[PDB]
């Protein structure tokens, strides 16, 4: 069933992470088009599939372009959304819908959610209340706290910094100049400092 499709997709990515990481790094196009992501894509609503994919593919390229910000879990989380033919847009998506429990459940782009829950204490991924397997320590993992694959055209720099003013919503960022910093209401009471990048991916 649909719940098992999600679990099995993420399980598959983890089991095959050595080759998936390599392709993600050097031939993402042939990774994104793998048939193994088609069942997951069937669960992504037809109307938003392509925009989700353009968004995610752009976020992944930010990660490649902004050196030393590799985030293993973020790649695994978002990867299956990259499989649809991409469509461009200006929008920020804070969450991505999958059709599972008879209905839309949303995976949060930043951090854990009920659908996608990575446990840093146990090093295991849980997807819809099911184990999707263990992650191994990767020396390439970014340790600086800069998040390059959450917002399209922005880096999350770290904690709220009151100097840069009161928080903007995700939908209020489009007037920021290249290189300008602001506080942003990223989710769940969390305010983070962000920077609009000068060059887009």
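Residue numbers count along the first chain shown, from 1.
- Per-stretch averaging of Cα B factors for 106 to 114 and 89 to 97 places 89 to 97 on top.
- For the pair 161 to 169 and 142 to 150, the mean Cα B-factor is higher in 161 to 169.
- When the Cα B-factors of 66, 47, 156, 30 are read from the PDB record, 30 comes out highest.
- The deposited CA B-factor of residue 53 belongs to the lowest third of values across its chain.
- Residue-level temperature factors show residue 4 in the middle third of its chain, judged at the C-alpha atom.
- In the PDB entry, a CA B factor belonging to the highest third of its chain's modelled residues is recorded for residue 40.
- When the modelled residues of the chain are ordered by C-alpha B-factor, residue 186 sits in the middle third.
- Per-chain ranking of the deposited C-alpha B factor places residue 19 in the lowest third.
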